[PDB]
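Engineer: Dropping the structure in here first, questions after.
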Amino acid sequence: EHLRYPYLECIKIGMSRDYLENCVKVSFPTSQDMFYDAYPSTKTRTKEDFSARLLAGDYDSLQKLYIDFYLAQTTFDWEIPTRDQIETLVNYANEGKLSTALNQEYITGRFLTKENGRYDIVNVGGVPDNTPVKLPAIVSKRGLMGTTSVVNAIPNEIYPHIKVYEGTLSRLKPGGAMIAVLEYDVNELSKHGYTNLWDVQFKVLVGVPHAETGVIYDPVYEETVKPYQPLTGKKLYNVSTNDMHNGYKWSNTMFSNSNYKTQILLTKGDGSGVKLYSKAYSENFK
């Protein structure tokens, strides 16, 4: 660590002085050699070994051998980016705010992400599913601001096949509250990390669904709901909105605009886990 580290290095590999605040926020490129200077003579940590582990999908080993021990550029909270942070990185890259290699490597591709404890792949530029996974850099958990809007970095969203029972039961109409009786497979829940059927929660989203994924990423009205659910290899939940003791804010929102839709989301009790979505429904669940 000479006297000008790490800012000299960042400038050398193309970071602009106009955006030099990013030098401690985003790591040196993992496709190049300088990054590996952080690890002492073995060399057992290399450009080549890193790439190989990433290819093989051994993400846990990258975390444990590389990420946990990077600890360089004056920062300690290095992590695999979130989807939100990748959205920032793509914009930064398009605008030339990173190092040269990273300005190029975040333009399109499939990117490894980590949100809490789970690994996901996110797609930038509608690229084919056999494009190699990328981890061009690690980032400051606290230092790199995530971007909330979903424009460039498109998640692979899961829609569990579910039945709404209808008739006298469930109701999605103007003039009152929304009632729904969802029904999920045990085998489909087990495939996405849901073994304990009791540990679940629901979110009711209202607005214009994203044109690619079908998710309402920025709803005009959100609501959290606790279910009161409890046949043959399947499980049921009963999700209802509160409009009798929470004001008619839902109907007045849903039916203020003809393009507006209502969507139902299942998560783990604490908001984590693989996000399970319903269709974004029209009036009467159309």
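No lab work stands behind these numbers, since they all come straight from the coordinates. Every residue, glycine as well, gets a Cβ built from its backbone with ideal geometry; the counts of neighbours run over all protein chains shown.
Engineer: Tell me, what is the FRET efficiency for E212 and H245 to the nearest 0.05, using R0 = 25 angstrom and their Cβ-Cβ distance as r?
Structural biologist: Efficiency computed from Cβ-Cβ geometry: 0.10.
Engineer: When the Karplus curve 6.51 cos²θ - 1.76 cosθ + 1.60 is applied with θ = phi - 60°, which whole-Hz ³J(HN,Hα) does each residue of segment 176-185 get, with x for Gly and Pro?
Structural biologist: Karplus-based 3J(HN,Hα) across segment 176-185 equals x, 9, 8, 10, 8, 10, 6, 8, 10, 7 Hz.
Engineer: With no solvent and one equal point scatterer per Cα, compute the Debye intensity ratio I(q)/I(0) for segment 187-253 at 0.12, 0.13, 0.16 Å⁻¹ and report its log10, rounded to two decimals.
Structural biologist: Ignoring solvent entirely, the Cα scatterers give -0.45, -0.53, -0.76.
Engineer: With r defined as the distance between the Cβ atoms of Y159 and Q229 and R0 fixed at 22 Å, what FRET efficiency is calculated, to the nearest 0.05?
Structural biologist: It comes to 0.70.
Engineer: While we're here: Residue by residue, what Karplus-based ³J(HN,Hα) values in Hz, rounded to whole numbers, does segment 29-39 have, using 6.51, -1.76 and 1.60 with θ = phi - 60° and x for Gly and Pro?
Structural biologist: The phi angles translate into x, 6, 7, 10, 7, 3, 2, 6, 4, 5, 9 Hz.
Engineer: Next question. Taking N as the number of residues in segment 1-145, what is its alpha-carbon radius of gyration divided by 2.2 N^0.38 Å?
Structural biologist: Against the empirical 2.2 N^0.38 Å value, I get 0.98 for segment 1-145.
Engineer: So, how do all the Cα-to-Cα distances of the chain break down into 10 Å bins, in percent, from 0 on up?
Structural biologist: 6, 24, 27, 20, 14, 7, 1, 0
Engineer: So in the chain, what percent of DSSP beta bridges are antiparallel if you round to the nearest 5?
Structural biologist: Here the share of antiparallel DSSP bridges comes out near 90 percent.
Engineer: Still on this structure: Let me know the whole percent of all Cα-Cα pairs from segment 59-192 that are separated by more than 27 Å.
Structural biologist: 38
Engineer: Starting from the Cα of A38, step 7 Å along the direction of its Cβ; do the same at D60; then give the gap between the two resulting points in nm.
Structural biologist: With each label placed 7 Å out from Cα toward Cβ, I get 2.2 nm.
Engineer: Determine the principal axes of the Cα atoms in segment 146-286, then give the extent along each, sorted from largest to smallest and rounded to whole angstroms.
Structural biologist: Extents along the principal axes: 42, 39, 25 Å.
Engineer: Reported to two decimal places, what Rg/Rh ratio describes segment 1-87 when computed on Cα atoms with Rh from the Kirkwood expression?
Structural biologist: 0.96
Engineer: So in segment 1-145, what percent of DSSP beta bridges are antiparallel if you round to the nearest 5?
Structural biologist: Of all bridge pairs located within segment 1-145, approximately 85 percent are antiparallel.
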